[PDB]
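Encoded as structure tokens, the following chain is the form deposited in one PDB entry, with no partner shown.
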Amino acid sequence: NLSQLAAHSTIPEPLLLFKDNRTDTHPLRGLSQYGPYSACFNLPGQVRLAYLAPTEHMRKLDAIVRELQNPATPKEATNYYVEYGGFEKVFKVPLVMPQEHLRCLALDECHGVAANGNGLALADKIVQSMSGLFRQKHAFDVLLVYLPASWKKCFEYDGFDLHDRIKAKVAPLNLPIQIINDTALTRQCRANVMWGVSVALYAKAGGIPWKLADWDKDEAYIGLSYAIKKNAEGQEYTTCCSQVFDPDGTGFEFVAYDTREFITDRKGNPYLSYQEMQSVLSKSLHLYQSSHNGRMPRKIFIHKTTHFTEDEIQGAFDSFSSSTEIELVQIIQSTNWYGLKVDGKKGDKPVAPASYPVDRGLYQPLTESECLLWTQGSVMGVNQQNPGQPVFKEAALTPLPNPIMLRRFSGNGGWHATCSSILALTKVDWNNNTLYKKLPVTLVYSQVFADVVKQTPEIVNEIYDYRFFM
């Protein structure tokens, strides 16, 4: 035929692993039925908790805590949400409330500072108020901070982010932090908010809510991303960083570095030279060697948004040994293609369009170096209602899914491995309560850490984990 493209294929679905090694594609359903992965080792044996609220906002924290303890039912979405049985029932670990010595109140001058509109001053005051709790580091695990809407003036402006500023300021002091706004309290559907906050608190107390199954030990996955800062003298400071995800021995590692290791100083195109790429990949190699036992990664899956130059390709090829294969796939979001599902001959009617969009996890090879991957689509087996109707997560936003495009710069063979790895990495995010994300977790973590680093120029150079920015 004049218009018959190459044959397409599907990679079925990532399978999450839960306590006692139970496989389940549904995150919330598996959490409610089985237990979290970390409960097998009882690593977070008790999720202690502390408060940080303005002069009169303690009641909201108490109310959200009580809602976390008590069960809830889904209201808005019903084909995906599962009934929330309360923290103790689902996660098998209490949420012992803070005592009188852990329910601190912020300084009354915080509102006075927010009246003028100084974001840095307010962040410094919040951190100074927090500083009194560093003595009792064994008395609580996760601190809860409530940001009232009356501070909305000092929330986001002229490239400033209070969230990233305080997440970077607190990071040297090893203490996970969770921010709750009026959005979580006001949102009509409470089951979703309860599920999200419960998963966030459990994961930031040191636990592992879930982890993917059928993961090869001797693999590495790296992703780079950049952020733009406009200077006074017409400059375009581009700050890049990298994030790797490690299966380790029995845990889960999600770390993120900074490229500015006394080098780079780009102030220009979001591209790095031979020296910068070699230095950046040296840290990734060292961390993979250290987390494992004297071994190198048998594969590398470095990804980013922009395209690799020839010097970048050479640096990537030379930063690793000759026994490892490096794929340098580039992910492109904006595309002019889209697809529609057509069903075959069933019964007696001819071919007709389906009532639901095309299957998620379907890829189409256009050329020998480009392909289309469907990170959005219809998922089967996630329907809490009648178990024959597929689920489309973004049906309330887009009537049809928008495919992503993969442009390979190295490697060979089919697209099975790259597409399967990307789709598997889309489901491992713990900050989101939905089924998946459009992009793999490496790109999203690199992007958020790039924003965090760009926010604070004087960020200390040791490597942080996911739980401190999630």
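We call the rigid core the largest set of C-alpha positions that still match within 1.5 Å between the two forms. In this text, residue numbers run from 1 along the sequence as written.
Not pictured, yet referred to below: the form deposited in another entry.
Of the residues listed here (334, 367, 183, 231), only one shifts its CA by 2 angstroms or more between the shown form and the other one after fitting on the rigid core, and it is 231. Here residue 114 counts as shifted, since its C-alpha moves by at least 2 Å between the shown form and the other one after the core is aligned. With a cut-off of 2 Å and the rigid core superposed, residue 217 has a Cα displacement that reaches or exceeds the cut-off between the shown form and the other one. The Cα shift for residue 258 between the shown form and the other one, taken after rigid core superposition, is 2 angstroms or larger.
Between residue 202 and residue 254, the Cα spacing is larger in the other entry than in the shown form, differing by no less than 3 Å. A change of 3 Å or more separates the two forms for residue 254 and residue 312: their C-alpha atoms lie closer together in the other entry.
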